[PDB]
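As structure tokens, the next two blocks hold two forms of the same chain, structure 1 and structure 2.
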Structure 1
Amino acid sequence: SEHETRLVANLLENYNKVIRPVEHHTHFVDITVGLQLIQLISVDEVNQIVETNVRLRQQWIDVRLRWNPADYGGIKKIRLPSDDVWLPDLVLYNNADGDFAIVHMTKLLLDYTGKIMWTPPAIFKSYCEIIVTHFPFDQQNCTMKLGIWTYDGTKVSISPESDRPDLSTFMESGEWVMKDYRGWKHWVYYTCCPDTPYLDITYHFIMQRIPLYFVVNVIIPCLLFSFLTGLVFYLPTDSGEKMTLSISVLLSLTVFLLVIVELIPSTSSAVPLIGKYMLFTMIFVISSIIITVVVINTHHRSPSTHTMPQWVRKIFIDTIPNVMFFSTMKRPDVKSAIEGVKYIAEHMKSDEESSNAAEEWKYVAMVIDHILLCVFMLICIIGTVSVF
């Protein structure tokens, strides 16, 4: 356009982009700043960094860039490259891995009254105080702290567009839910310089994790192996397979703990509940292994060397078996030949007595297992009823 070319030539003929747009140096540039969250790219919990795609809308008044439309064919808006005019150095204070300021200098709309609107895009990798204490059902609150870097409140003043960041064109993440979002302006006074306040705008978003993926991929197998933990008490000792089951459950749980530790950050401010409960299940599995080793030792006890104490017999043969209602427990040469037959009878006597003692030991071991199984079943029933 010829008229637009003439207007752009005249506007920037003696325009200095180093000078604030104020009629007098004592005034301030009133800037309206609004954030528009296009998309929540990621929430890296291990590095505690939230990557967001934003548009940083900034509106202000530049008197030096005004014109009379009737002199330029009726033009009322132009698009000047942002590199040509004064821009506010607006910095993300809590940047963690990205660029502090805006790096994509797009064109800016400019009315004929001097009003300037600039909508540059940005990838903000802000620092997120990730709090893994209810993972994977956690709620994360972490902010985006913006402010003019090199100007205080007496030279450049920023004010939010609205009480909330604009999420009209937000792209649903599919992993997090935008429960709430707000933008607060802050006045910070320093002991050095009480006359000059420092202005700031903090935009905060409350994200609620959608836990279906983590449930299905971690919790259900962990719950399954926790349930199988107590199944070893029903396994008979004669099969000689209790160690296989118990140790395999332990190995599966240690693998899933390996999985957990690489999912959450190494922060020690709060212990995750999932990790604590996994440690509790490991303690349970270790106790189960120890007590089933004790059971196996008792079952295979030699009747010749070990004799049953009276208290053990009374407790585990006389009273406890009656308690379980849901159990199905039970509560010349001719002289040599004659002497040999007598010896066979005597050996049968001794074998019967030893087998009776061994059977009593096996009964005690079975009672111990059934006590432990009942305890485990009670724990499972209470947990399932209480939580679900």
Structure 2
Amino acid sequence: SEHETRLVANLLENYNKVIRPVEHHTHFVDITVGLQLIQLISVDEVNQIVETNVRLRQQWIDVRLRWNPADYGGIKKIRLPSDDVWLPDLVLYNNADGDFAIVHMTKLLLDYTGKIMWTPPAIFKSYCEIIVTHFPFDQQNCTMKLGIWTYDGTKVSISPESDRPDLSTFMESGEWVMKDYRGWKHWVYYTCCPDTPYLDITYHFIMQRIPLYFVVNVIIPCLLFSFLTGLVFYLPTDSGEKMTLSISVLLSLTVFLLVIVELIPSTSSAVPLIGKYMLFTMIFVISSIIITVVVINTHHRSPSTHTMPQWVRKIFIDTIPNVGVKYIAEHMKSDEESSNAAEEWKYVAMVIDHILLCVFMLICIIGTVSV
């Protein structure tokens, strides 16, 4: 268009984009800043980095970029490259892996009154100190801090477009649920520049994790192997195999704890409850293995070399349960006595196994009352 070509030639003829859009240098540029979250691309918990797709809406008045539409065929709005005009230097303070400022530099909208709306896209890879306590039933609060970074509040003051970031076009994450989101404006005095305040806007998102994936992949096998731990108490010592699946379950729990460790960041701020549960389960399995060894040793006690003490016999057999030719005959009598003593030891071992089984089922049903 001839009119728009002439208008753009006239507007930028003596325009210096180094200088702020103020009539007088004592004035400040008022910039309305808004954030539009398009997609939560990823949340790397181990590296503690949240990367999102955003649009950074910025509106401000440039008094040097106004015209009369009557002189230009009625044109009231044009599109200009962002590199041709003065732009705010918004910087993502908590940048972890990427760019501090906008790098795409898309075109902006300019109307005849000098108002400029600029909505550049960005991939914000910001630092989020993730809280690992209630993993994986945990909510994470992560923020983006945006500021002018070179002009104080008396030069390029900014204000939030609305109290909340815009999520009207937000793609559902599937892995996280946006419980809440809000933006707050702050005046900060830094160590660099304590005399004057610098303005920033912090947008925080509180997002709840959907635990189905981690539940299915981690929690269910751990519960299965815990139920497998109590079974060793009901497994008779006479079949062997007690140590076999006892150690098998212990190794499985160790492997799943290793997986959980690989899932979470190495930070020591807090101990995950899933990790505490796995550690306590491993300690319970270790204690069960120790008692299993004791029971096997008691079951295989030699009737001759080892004699049963009186107190253990009394309690474990009374309280808890209620809760040439002359040579062969002598040999058979001695063998009968030895067999009776061996049976006494085996009965004591069986009664320890049943007590431990009753203890484990209590643990289980109390955990059920806990649900």
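Residues that one form lacks are left out of the comparison. Numbering for residues begins at 1 and runs along the sequence of structure 1. For clarity, a rigid core is taken as the largest C-alpha set superposing within 1.5 Å between two forms.
Asker: Give the option from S268, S168, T305, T191 whose C-alpha shifts by 2 Å or more between the two structures; the alignment is on the rigid core.
Answerer: Meeting the 2 Å or more criterion is only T191.
Asker: Once the two forms are fitted on their rigid core, how many angstrom does the CA of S226 move between the two structures?
Answerer: That residue's C-alpha sits 1.1 Å away in the other form.
Asker: For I290, what C-alpha shift in Å results between the two structures following superposition on the rigid core?
Answerer: Its alpha carbon moves by 0.7 Å.
Asker: For residues common to both forms, which consecutive runs of 3 or more show C-alpha displacement of 2 Å or more between the two structures upon rigid core superposition, listed in sequence order?
Answerer: Flagged stretch (3+ res, CA at least 2 Å): just 189-196.
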